[PDB]
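Take a look at this one chain, the form deposited without its partner chain, written out in structure tokens.
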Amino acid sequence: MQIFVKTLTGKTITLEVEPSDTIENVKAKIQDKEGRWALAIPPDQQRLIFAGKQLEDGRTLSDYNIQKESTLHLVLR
């Protein structure tokens, strides 16, 4: 499954994920794709949003009915 994430700087990144990937697993992937600048932002200070909802690290994409080609947003927390 492919999803897109909008980063803190508005750049779009494309991720390859399984439907039961956890939000934590998705965040690790985003960290690898993103830039050095973000090297200073701790993981627990960033949150993913989808369809108005704050996504919890331990729940899965499938828990939130996130389907292929969904766009998530990485925001401050």
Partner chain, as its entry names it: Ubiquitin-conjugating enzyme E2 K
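For clarity, a rigid core is taken as the largest C-alpha set superposing within 1.5 Å between two forms. Numbering follows the first chain given and starts at 1.
In this entry, 40-48 has the higher mean Cα B-factor, the comparison being between 26-34 and 40-48.
Sort the modelled residues of the chain by CA B factor and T9 lands in the middle third.
Sort the modelled residues of the chain by CA B factor and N65 lands in the middle third.
The form solved in complex with its partner chain exists for this protein as well; it is not shown, and the discussion that follows is about that form.
Taking non-hydrogen atoms only, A51 approaches its partner chain to within 4.5 angstroms in the bound PDB entry. Residues of 1-24 that come within 4.5 Å of its partner chain in the bound PDB entry, judged by any heavy atom, reduce to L8 alone. Once both forms are overlaid on the rigid core, the distance between the two CA positions of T9 between this form and the one not shown is 2 angstroms or more.
Relative to the superposed core, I41 shifts its CA atom by 2 Å or more between this form and the one not shown.
Note: the CA-CA distance for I41 and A28 contracts in the bound PDB entry relative to this form, by 3 angstroms or more. In summary, the C-alpha positions of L8 and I30 diverge in the bound PDB entry, ending up at least 3 angstroms farther from each other than in this conformation.
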